[PDB]
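*Asks:* Take this structure first; my questions come after.
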Amino acid sequence: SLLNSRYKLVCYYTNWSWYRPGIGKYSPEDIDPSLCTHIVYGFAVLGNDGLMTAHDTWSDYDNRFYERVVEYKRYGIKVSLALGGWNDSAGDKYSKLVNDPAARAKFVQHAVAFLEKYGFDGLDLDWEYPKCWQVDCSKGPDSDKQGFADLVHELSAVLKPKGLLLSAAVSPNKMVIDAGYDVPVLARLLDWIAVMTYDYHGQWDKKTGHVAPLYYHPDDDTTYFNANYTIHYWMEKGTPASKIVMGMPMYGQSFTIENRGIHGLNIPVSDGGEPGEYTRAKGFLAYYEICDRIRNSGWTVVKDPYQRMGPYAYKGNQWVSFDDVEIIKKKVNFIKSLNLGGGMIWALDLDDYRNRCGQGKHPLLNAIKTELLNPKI
Ligand SMILES: N[C@@H]1[C@@H](O)[C@H](O[C@@H]2O[C@H](CO)[C@@H](O[C@@H]3O[C@H](CO)[C@@H](O[C@@H]4O[C@H](CO)[C@@H](O[C@@H]5O[C@H](CO)[C@@H](O[C@@H]6O[C@H](CO)[C@@H](O[C@@H]7O[C@H](CO)[C@@H](O[C@@H]8O[C@H](CO)[C@@H](O)[C@H](O)[C@H]8N)[C@H](O)[C@H]7N)[C@H](O)[C@H]6N)[C@H](O)[C@H]5N)[C@H](O)[C@H]4N)[C@H](O)[C@H]3N)[C@H](O)[C@H]2N)[C@@H](CO)O[C@H]1O
Ligand SMILES: *[C@@H]1O[C@H](CO)[C@@H](O[C@@H]2O[C@H](CO)[C@@H](O)[C@H](O)[C@H]2NC(C)=O)[C@H](O)[C@H]1NC(C)=O
């Protein structure tokens with residue numbers, strides 16, 4: 001079992017996946033307890049009073065979603081609550097908090113009481129990002145770095161004596177890592193660091209690219225935009241391998257390409273791809289939306305024979321890059337070879353949990369589990 005192994009498999013849960021039609025609906029009881037060692041509930045948010053608060057009272061509270069995910073502690077899974085996420089990280093409110101010691105002191109006592117009220121095992125910090133607010137390093141003050149480090153210390157000082165966990169989801173981008181993170185302090189105090197080794201490329205690049213390359217590719221604009229560089233950089237900055245869990249995407253980045261005639265990497269893009277029926281977000285497709293396009297709508301798949309990155313698929317002017325089972329096995333062997341703490345997925349509700357594509361239920365996540373449990377490297 002994963003729980004008896006030397007590896008973590010940290011699964012993000014998202015409360016908003018409930019609000020999807022038909023088979024895209026995901027509920028707490030859809031969580032497969034054999035596939036995760038840790039479940040992280042996305043998200044709670046930062047209230048205007050500087051205190052953590054529920055993001056969606058109808059699900060989290062009225063329909064007892066918090067309690068129904070904390071249910072999984074009964075299997076020996078550790079269940080944490082994540083604070084933040086992309087939308088909540090817009091603007092200055094996390095910076096205002098961490099630069100104000102009085103506000104941090106108030107926040108910390110309330111946050112631990114909040115976790116204990118609902119039975120969470122710990123807190124996951126997902127501020128995107130200290131200093132580089134929503135990856136704009138011109139926006140935030142340098143002092144976000146020390147402020148975040150002191151927030152992590154102050155949370156640790158209250159959580160650790162109670163046996164509660166503290167983790168963070170962190171940038172894979174060199175520039176953001178350098179500006180936002182006091183890596184030695186975080187590495188010492190956090191129980192794990194979930195490196196978000198995905199979203200390296202997307203519609204914002206104005207050209208096609210892979211959501212989550214593992215190794216450098218000769219046509220890359222930089223040597224930094226791949227999981228191999230990112231994970232080694234976190235270690236170079238002072239993170240122990242055992243503290244790192246490597247993120248893997250259960251989804252793809254989609255693109256509307258400018259001309260249907262060329263369809264390779266780095267080709268011009270006019271917009272995000274057309275939204276999926278279930279996830280309804282331009283530029284984004286769940287794995288179960290992608291595999292259906294390939295299986296039943298004739299999308300053409302291009303693989304990398306050197307396995308530096310997963311596949312992409314295209315049809316007409318639509319183009320999506322994503323991870324398949326093959327590249328996932330390669331990434332998990334990479335995790336094992338570096339003796340990392342384990343793997344992480346974003347997110348439970350985006351894998352093909354319903355077996356819509358006939359590859360079995362949870363094909364990507366089961367591929368991770370099987371390779372993590374395989375002794376050979
Ligand atoms: N009541 C119910 C409700 O509950 C429910 O509501 C739901 O709630 C949930 C939760 O809030 C919602 O989910 C969220 O949905 C959103 C989508 O709508 C998601 O948003 C996305 O999030 C992802 C991340 O998770 C974002 O991804 C990021 O995107 C940005 C860009 O947008 C990327 O940032 C860019 O990064 C690149 C590098 O990668 C960087 O480029 C560099 O810039 C530098 C500096 O400028 C350059 O350097 C210079 O270069 C030149 C030459 O090269 C030199 O001369 C210079 O010297 C040099 N300095 C360099 O070239 C580049 N390397 C860019 O600058 C940077 N901007 C970022 O990386 C990427 N991570 C994404 O954008 C978001 N859209 C969100 O994640 C979800 N959680 C849910 O949707 C919501 N509905 C409701 C549901 O129905 O129902 C109610 O009932
Ligand atoms: C994985 O990433 C690491 C580190 O970024 C690469 O190892 C480096 O190899 C390059 C060759 O230029 C050197 O810059 C460093 O001297 C190496 N560092 C270490 C610690 O070996 C490694 O090449 C990358 N792997 C692949 C397969 O691309």
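Naming scheme: A, B, ... for chains in displayed order of the structure tokens; residues 1 onward per chain; ligands 1 onward as shown.
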Which residues come within 9 Å of residue A:86, counting only C-alpha atoms, excluding same-chain residues fewer than 5 positions away, as a list in words?

*Replies:*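 That gives residues 126, 127, 128, 129 and 134 of chain A.
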
*Asks:* So that I can check the surroundings of residue A:1, please list as a VMD selection string every protein, DNA and RNA residue that reaches within 9 Å of it, counting only C-alpha atoms and ignoring chain neighbours fewer than 3 positions away.

*Replies:* chain A and resid 4 to 5 34 to 35 369 373

*Asks:* Give me a file of those residues, with C-alpha atoms, as an mmCIF file, in the first residue's frame.

*Replies:*
```cif
data_model
loop_
_atom_site.group_PDB
_atom_site.id
_atom_site.type_symbol
_atom_site.label_atom_id
_atom_site.label_comp_id
_atom_site.auth_asym_id
_atom_site.auth_seq_id
_atom_site.Cartn_x
_atom_site.Cartn_y
_atom_site.Cartn_z
ATOM 1 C CA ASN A 4 3.299 1.544 4.062
ATOM 2 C CA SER A 5 5.708 2.813 1.390
ATOM 3 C CA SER A 34 -6.313 3.580 -2.037
ATOM 4 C CA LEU A 35 -4.729 6.266 -4.245
ATOM 5 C CA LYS A 369 0.686 4.537 -7.468
ATOM 6 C CA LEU A 373 5.243 0.837 -5.371
#
```

*Asks:* Counting only C-alpha atoms and all ligand atoms, what residues are within 12 Å of ligand 2, given as a ChimeraX atom specification?

*Replies:* /A:174,213-218,222-236,306-309,330-331,334,337-338

*Asks:* Could you tell me how far atom CA of residue A:71 lies from atom CA of residue A:163, in Å and to one decimal?

*Replies:*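 Taking atom CA of residue A:71 and atom CA of residue A:163, their separation equals 18.3 Å.
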
*Asks:* Wanna dump the stretch 77-191 of chain A-stretch 38-55 of chain A contacts at 8 Å for me, each residue with its shortest atom pair and the distance in Å to one decimal, counting only C-alpha atoms, ordered by chain and number, as a tab-separated table?

*Replies:*
```
residue	atom	partner	partner_atom	distance
A:77	CA	A:38	CA	5.3
A:78	CA	A:38	CA	4.7
A:79	CA	A:39	CA	4.8
A:80	CA	A:40	CA	4.8
A:81	CA	A:41	CA	4.7
A:82	CA	A:43	CA	5.1
A:83	CA	A:44	CA	4.8
A:84	CA	A:45	CA	5.2
A:85	CA	A:43	CA	6.7
A:88	CA	A:45	CA	6.3
A:93	CA	A:46	CA	7.8
A:94	CA	A:46	CA	7.7
A:97	CA	A:50	CA	6.7
A:103	CA	A:50	CA	6.9
A:106	CA	A:51	CA	7.8
A:107	CA	A:51	CA	5.3
A:110	CA	A:51	CA	6.8
A:111	CA	A:52	CA	6.1
A:114	CA	A:52	CA	7.8
A:124	CA	A:40	CA	7.2
```

*Asks:* Quick one: distance from atom CA of residue A:61 to atom CA of residue A:16 in Å, one decimal?

*Replies:* 13.5 Å

*Asks:* Which one is closest to residue A:157: A:17, A:219, A:190, A:268? Count only C-alpha atoms.

*Replies:*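 Selected residue with least distance to residue A:157: A:190.
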